[PDB]
4 protein chains.
Amino acid sequence: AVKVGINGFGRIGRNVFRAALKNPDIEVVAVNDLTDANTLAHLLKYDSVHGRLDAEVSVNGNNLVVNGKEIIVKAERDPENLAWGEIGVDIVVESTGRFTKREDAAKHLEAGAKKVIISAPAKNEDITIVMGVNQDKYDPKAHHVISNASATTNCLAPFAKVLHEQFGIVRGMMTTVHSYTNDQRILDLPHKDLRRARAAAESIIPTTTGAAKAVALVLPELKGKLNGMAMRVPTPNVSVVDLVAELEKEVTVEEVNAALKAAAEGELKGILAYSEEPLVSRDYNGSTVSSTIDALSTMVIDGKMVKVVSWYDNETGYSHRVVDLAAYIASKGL
Amino acid sequence: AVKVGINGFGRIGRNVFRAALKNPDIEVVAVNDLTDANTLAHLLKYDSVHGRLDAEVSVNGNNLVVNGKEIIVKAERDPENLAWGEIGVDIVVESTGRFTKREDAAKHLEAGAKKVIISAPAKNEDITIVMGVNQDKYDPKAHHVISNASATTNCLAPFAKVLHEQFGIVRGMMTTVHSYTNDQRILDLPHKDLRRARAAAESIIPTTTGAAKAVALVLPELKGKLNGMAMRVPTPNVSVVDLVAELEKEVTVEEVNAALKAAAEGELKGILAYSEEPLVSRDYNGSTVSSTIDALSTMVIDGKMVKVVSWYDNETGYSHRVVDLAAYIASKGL
Amino acid sequence: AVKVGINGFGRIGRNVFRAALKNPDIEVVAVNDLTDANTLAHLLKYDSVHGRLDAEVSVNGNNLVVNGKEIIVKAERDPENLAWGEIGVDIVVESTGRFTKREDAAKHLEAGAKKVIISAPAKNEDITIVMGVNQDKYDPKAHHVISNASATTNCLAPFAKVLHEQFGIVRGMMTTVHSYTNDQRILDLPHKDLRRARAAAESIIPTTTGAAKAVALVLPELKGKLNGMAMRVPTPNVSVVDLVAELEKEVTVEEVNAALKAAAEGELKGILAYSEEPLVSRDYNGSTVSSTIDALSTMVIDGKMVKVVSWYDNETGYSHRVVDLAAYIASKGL
Amino acid sequence: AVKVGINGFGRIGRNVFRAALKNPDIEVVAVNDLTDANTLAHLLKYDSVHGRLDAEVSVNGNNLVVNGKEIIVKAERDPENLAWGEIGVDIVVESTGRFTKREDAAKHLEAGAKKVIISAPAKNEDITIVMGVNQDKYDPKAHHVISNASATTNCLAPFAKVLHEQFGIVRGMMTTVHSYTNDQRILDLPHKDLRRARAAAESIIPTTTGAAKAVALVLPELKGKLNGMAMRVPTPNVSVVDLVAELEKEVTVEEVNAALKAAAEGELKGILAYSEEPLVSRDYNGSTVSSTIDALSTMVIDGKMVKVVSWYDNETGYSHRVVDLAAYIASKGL
Ligand SMILES: NC(=O)c1ccc[n+]([C@@H]2O[C@H](COP(=O)([O-])OP(=O)(O)OC[C@H]3O[C@@H](n4cnc5c(N)ncnc54)[C@H](O)[C@@H]3O)[C@@H](O)[C@H]2O)c1
Ligand SMILES: NC(=O)c1ccc[n+]([C@@H]2O[C@H](COP(=O)([O-])OP(=O)(O)OC[C@H]3O[C@@H](n4cnc5c(N)ncnc54)[C@H](O)[C@@H]3O)[C@@H](O)[C@H]2O)c1
Ligand SMILES: NC(=O)c1ccc[n+]([C@@H]2O[C@H](COP(=O)([O-])OP(=O)(O)OC[C@H]3O[C@@H](n4cnc5c(N)ncnc54)[C@H](O)[C@@H]3O)[C@@H](O)[C@H]2O)c1
Ligand SMILES: NC(=O)c1ccc[n+]([C@@H]2O[C@H](COP(=O)([O-])OP(=O)(O)OC[C@H]3O[C@@H](n4cnc5c(N)ncnc54)[C@H](O)[C@@H]3O)[C@@H](O)[C@H]2O)c1
Ligand SMILES: O=C[C@H](O)COP(=O)(O)O
Ligand SMILES: O=C[C@H](O)COP(=O)(O)O
Ligand SMILES: O=C[C@H](O)COP(=O)(O)O
Ligand SMILES: O=C[C@H](O)COP(=O)(O)O
């Protein structure tokens, strides 16, 4: 129903497209990148991580054709020249990784779009949303440049909400053992982050992440209570959050796990999942939820310090949340 | 000086041999495994992780020949038939991973050996030692079967000692992002640990670890105060400990790092190192210390909760410790 | 229809099971290995390479329960103690890798089975078969221990057959860049093959193979005309055959590709596939054919020397051929 | 002795610098890239592939300092603004990968350099040289823009030269199982080569190469007789050439290997090496020769077709040849 445009047809852009194919309320009519339709069509059809696309993909001129529908292909590195308005695109998914600042993301609006969903932490955005945690704060009148946060924040926020509401978080620190991404390097190349400059598939690479602090954007009561880091490892996809927190109320491992499972089957169903099986990262590839508690790893000391481990497919889960958010925003009127 | 025997010439067995080559007080005269001299010689010379052995290696009958010296090669599945006594072996490094129970390791003594160093956490051992933390507790009269702990415990114990002495640890939890080992599997094979049964180079694999609790064996004051887990990832060597602890005293990042650096230069030099460089795991391959603080990763919340990250070459660092313990024990008289 | 038993429920054993679920004429009633049902059930449900099994899987005593059907689980190290006859098993898939010699494989016959399919090159087998090339040579009265050859031979033979019939092969050499298998080692460990003793995920590992020679077993006119080698690389599954051959007739890339495409759509449909897409190994994961020509890689030099490259999912393709062979053998009467 | 400048301080650029440190007649006075001195210093000190640099490395202002000597650091995207003349640089190693066309590489000359060594196959170069094969063809008065070919051609040419001179090559095909390089992609991303656009550490990736045809540039008699391809695999460094050729003479494996060893000990010592050890790629990391025969892999079929396999550290071997070439060129007069 709602016309959607994707800017930056990369890992998130393409997987967002795959997810959109499963939602009748969202119609992707155009994509933009820095290559030709032949290239984007080939990358969309064949995926090194998610397999062959379950749909008919071809090229007509320099446009894509998916299951009978033609998708307009653009190649403008300056978002201001996208002319979204001319093709009736109301919502733009900004997933290039280069326009997270409002001054750049807003160019889509200058170009005729109505709403912009930045697929990452942003700067000067109207509001940062994590589905299942604060989409209720979205205001169609005052919100036009929206951030869907990072995949890590979408993993953490959902269960941090449960823990705080049920037991109260005094403070905590997290570490995300994360798969490498396209922001890393193949073989020691110059990079702003001297850690990310190192061969991505050869080492455990400690790096930064504002995911823990970003939680306060969707859960203001946790402001200043969480901190964290990341460790990029030699896997192509799927990551895991490791939170150690000091709780206000005294608890047992069983109480913590019950609260999480209750939320997973209730209020956060589809967003937060709960697993009691001894699985590994590959088993979560293709998972659409934002966070899956690894219940076997939950532990507690003195009934006050707890460790919660949660899995997340940083590509598929997040992409699904982008599409969910677009439908949500659309349902509130454009 | 002292004559050493190595049972299980594997990853730790061979790397202990490399370490011993640089120590004059230690003399390896025999090694045991389940193959021939040709194979062990080949494996000793060419290492996929630590490169070509910087020494002359050849074979002569059932003996290895390194830099002129000859090392006897045995192939007894049952350590009871090793006849250590006959060849004057005083200290036996038990590194097969099959004889961690005291009743089994003791077979070496029955075979004529003086002491036995189990290269791993043990069961019913006379005592567990972590060099630089509690070797002063070793008693030559009563300690015959000693455990040198796990590489992970050797990385954690040292800096946990400093944090407790200077600030006092109330409670804490750790996670070690650890390289895969030979106890894991190439492609989904039966394993007592259903996580470790999965393809090791394809996933982030959570698995239990008794390292956090094992710290109590070398630091009784921390009994019941720590706990943790492990996450095996697609790297061949080098691991890292991530500790989040609640302290008794209030601190700042600067204070924590300052105290860690001081210990690295003083009491724990050669055991604990300190780094202000933004390095990755490959950079630590070949490191001889047991623990190296990644100072740039240190963080604190409310001045009470701290995170400390420390690197360790689970093969090289641990192997050196094994030799240090061998020399130490020997210095107390056999 | 025909009752089948699987000895060695590993990579091939379990994937053969998956293929069997898709063939109504094959009923797997029991499997044997060296572990418990819980472990086998877990490995069958979650696969690091092919994903979650799309079937209901549970355990009942010593039986697996797949889609309501009961599958007996044995744990007999000695094939002679399997008692296949007692449970009406007529065909046994020998996939442990330990019994490729006829004298050993025949132990299944001693235990009551009627036919034994060795899932690999064998010694003194009654006959070696490659579906699509020589199943017509199977003799129900004289062939009881049959080899289904290697995955590599199943990949090469089909297109070698086309090249020979259409252009005539004088002689040729092949190299198969192959994914690592459980016959290799995680980290430098003892192995009869000193190349395979080295860390599998860290190097390109040359290793011998009789796959090219084995072609003569299914295509006698190529006896003494082919030979080759293998190179194991750090990929979990999917391999590719690289054949360079001297032809009797002058040819061009187009003529070679056209003849290959013609056979893939005709006589070898389902066994041999043809692709003009610029794909990579991950794209072939799950492919059920024995051989897929990478048409873009076809080359010819000086008119008479050709290079043909073909892909094969060494697990899925082969496993499907095993089941195909079991159905064919059965159709001939037991 | 000769002042050298490096344009593109990447994998080849930095490894050439390492080789230079060991050659008294070569002096790198300046390097140019697209970042700062601190970033380049960090990358020079810590190498994910070749370990830490064994030398003192620091920064002083906008320059590097190695073992007391200062190295000027430039950050000019346009080689024409390098002012090589103003600092006495006579030979420029062009290793950015963007200026392989003579018109572009010639800009270094316009900037005051006397000779330009393109570290790769080139277009319209005055001449292409492979040390040990045709440096004698270098004419100091007519050759200013010189190509040192690719690492693959430097591996192939030396033994192709031996096989042709001894037995005569009618025609042949090669495949190089090559480690991934910085020209590939971490995860699926747009690329002019749709194969190279795929996750580099996840697949076996077929791709083109002109190495086989390029041999004609250094060995004219082989013009039109050789062709080949490449297969990029999940390893960070070290590659291997696999050549299959039809010979004019009937030969034996022992005859081929003996001829190769003879050239390795004489005519091509230091360029071509010979090994009878069953090694793997990791074992060749750091190797400085251009090509090492894997004697155990040599194979002959039907007397006239041979397969020769040779290893090469595509980073170290080639980098040493670049330095050897600069020295040679210098000895002919600037
Ligand atoms: N990959 C993950 O795990 C993950 C998860 C959640 C969010 N994100 C975020 O989403 C964004 C994209 O990440 P990704 O992993 O998909 O990156 P990517 O590198 O795979 O994709 C980026 C795409 O944008 C294109 N591009 C670059 N500049 C452009 C421009 N000026 N105009 C148009 N197209 C341009 C590139 O060609 C590429 O196809 C980032 O902000 C990132 O932090 C990543
Ligand atoms: N690898 C590490 O990171 C690490 C670190 C610290 C301690 N350890 C511990 O050291 C021990 C060995 O580990 P590893 O990684 O070296 O394993 P490994 O598998 O590489 O080496 C074990 C060796 O013992 C041999 N062996 C097995 N049974 C034997 C027997 N009955 N008699 C003689 N030889 C036999 C094997 O052939 C093999 O060479 C384990 O207890 C382990 O937990 C490992
Ligand atoms: N993996 C491939 O790509 C491939 C392809 C074609 C053929 N094959 C062949 O198939 C065979 C098996 O290979 P795989 O890769 O499945 O190996 P694997 O190691 O995954 O499976 C072997 C299984 O047999 C079990 N086993 C071993 N000894 C046993 C015994 N005595 N009794 C009962 N069970 C026992 C093991 O526990 C394991 O589950 C080999 O002959 C191999 O050459 C492998
Ligand atoms: N890596 C190998 O195995 C190998 C072997 C032999 C030859 N080569 C060749 O050497 C060249 C470089 O390859 P590499 O692997 O070192 O690449 P790389 O990507 O590691 O290094 C290229 C360097 O050039 C810099 N750069 C890019 N444009 C620049 C410009 N305009 N001005 C100044 N600096 C710039 C980059 O920042 C980078 O540091 C290529 O032509 C390649 O084909 C590579
Ligand atoms: O999941 C974590 C973030 O989404 C990673 O973003 P990146 O593209 O900067 O690596
Ligand atoms: O460093 C951690 C332990 O020493 C690992 O032991 P493992 O051999 O069981 O993997
Ligand atoms: O496909 C190749 C062979 O079937 C591999 O056999 P393996 O189990 O010895 O690796
Ligand atoms: O060794 C082969 C070539 O030198 C590789 O060049 P590349 O930088 O394009 O990967």
Side-chain angles (χ1 to χ4, degrees), chain A residues 3-21 27-84 86-89 92-99 107-108 111 113 119 182-183 186 315 319, chain C residues 275-280 282-283 294-297, chain D residues 97-98 100-101 182-200 203 205-208 232:
Chain A
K3 259 71 172 312
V4 174
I6 299 175
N7 201 56
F9 213 47
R11 296 310 296 160
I12 297 308
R14 296 204 295 288
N15 281 292
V16 156
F17 181 97
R18 289 197 170 198
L21 289 180
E27 169 189 55
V28 177
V29 302
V31 302
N32 180 57
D33 206 286
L34 306 173
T35 190
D36 55 27
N38 184 213
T39 301
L40 298 186
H42 182 71
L43 292 175
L44 179 66
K45 189 54 167 61
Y46 300 105
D47 197 290
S48 294
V49 174
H50 302 292
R52 193 166 304 194
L53 172 56
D54 181 53
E56 300 189 65
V57 183
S58 63
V59 174
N60 181 271
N62 191 48
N63 285 158
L64 301 171
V65 174
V66 181
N67 290 346
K69 303 173 183 172
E70 196 172 307
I71 315 288
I72 295 173
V73 174
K74 293 166 173 291
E76 301 291 338
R77 73 173 61 251
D78 186 330
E80 199 177 313
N81 298 147
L82 291 168
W84 295 119
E86 282 179 42
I87 48 176
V89 164
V92 170
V93 168
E94 168 46 52
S95 47
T96 72
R98 304 231 272 268
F99 310 125
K107 289 181 167 64
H108 292 290
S119 73
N182 273 321
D183 184 60
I186 300 177
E315 298 187 331
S319 291
Chain C
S275 171
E276 301 194 320
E277 294 293 303
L279 311 182
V280 302
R282 288 283 168 168
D283 299 316
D294 190 273
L296 294 168
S297 293
Chain D
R98 299 179 179 178
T100 58
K101 292 178 181 176
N182 277 320
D183 180 54
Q184 281 178 258
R185 300 285 186 275
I186 284 296
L187 290 171
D188 302 351
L189 262 174
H191 191 299
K192 56 184 180 294
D193 181 328
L194 298 186
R195 307 265 196 177
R196 297 196 180 200
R198 312 296 295 286
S203 302
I205 303 179
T207 186
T208 58
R232 295 301 183 83

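In what follows, every chain begins at residue 1, and chains take the letters A, B, ... in the order their sequences are listed. Atom set for the values below is all heavy atoms of this structure, side chains included, hydrogens, waters and symmetry mates excluded.
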Side chain to side chain donor-acceptor pair (under 3.5 Å) against D:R195, all qualifying residues, sequence neighbours excluded: C:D294
Verify, without hydrogens or angle tests, whether A:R77 (side chain) and A:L34 (backbone) share a donor-acceptor contact under 3.5 angstrom. no
To the nearest 0.5 Å, atom CG of A:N15 lies from atom CD1 of A:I6 at 10.0 Å
Provide the closest heavy-atom pair for D:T208 versus D:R196 in the form atom of the first, atom of the second, distance. O-NH2, 3.9 Å
Less than 4.0 Å between a side-chain N and a carboxylate O, is that true for A:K45 and C:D283? no
Drop me the distance from A:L44's CG to A:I71's CD1, to the nearest 0.5 angstrom. 9.0 Å
What are the two closest heavy atoms between A:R98 and A:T96, and how far apart are they? N-OG1, 2.9 Å
I need the minimum non-hydrogen distance between A:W84 and A:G5, along with the two atoms involved. CZ3-CA, 3.9 Å
Sidechain-backbone polar pair: A:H108 side chain, A:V93 backbone, donor-acceptor under 3.5 Å: no
Contact between A:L53 and A:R18 at the side-chain level, heavy atoms closer than 4.5 Å - yes or no? yes
Contact check, side chains of A:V73 and A:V31, non-hydrogen atoms, under 4.5 Å: yes
Expected output: side-chain D:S203 to main-chain D:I205 donor-acceptor under 3.5 Å: no
First locate atom CG of A:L64, then atom CG of A:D36, and finally report the distance between them rounded to the nearest 0.5 Å. 10.0 Å
Side-chain touch D:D193/D:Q184, heavy atoms, less than 4.5 angstrom: no
Could you tell me which non-hydrogen atom of A:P79 sits nearest to which non-hydrogen atom of A:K107, and how far apart they are? CG-CD, 3.4 Å
I need the minimum non-hydrogen distance between A:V59 and A:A37, along with the two atoms involved. CG2-O, 3.9 Å
State the OG1-CZ distance between A:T35 and A:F9, to the nearest 0.5 angstrom. 12.0 Å
With sequence neighbours excluded, give me every side-chain hydrogen bond (donor to acceptor under 3.5 Å, both in side chains) pair touching residues 54-76 of chain A. none
Partner residues of A:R14 under the salt bridge (charged side-chain N to carboxylate O under 4.0 Å, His left out) criterion, sequence neighbours left out: none
Taking it one step at a time, do D:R198 and D:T207 satisfy side chain to side chain contact (heavy atoms under 4.5 Å, CB included)? CA-CA 11 Å; D:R198 312 296 295 286; D:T207 186; over 6 Å; no
Which value, rounded to the nearest 0.5 Å, describes the distance between A:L82 atom CG and A:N32 atom CG? 4.5 Å
Would you give the length of the straight line joining atom OG of A:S119 to atom CZ of A:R11, rounded to the nearest 0.5 angstrom? 13.0 Å
Side-chain donor-acceptor pair under 3.5 Å between C:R282 and A:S48, yes or no? no
Using modelled atom types only, decide if a donor and an acceptor are shared between the side chain of A:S95 and the backbone of A:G8 within a distance under 3.5 Å. yes
Over all atoms of both residues, closest heavy-atom pair of A:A41 and A:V57: O-CG1, 3.8 Å
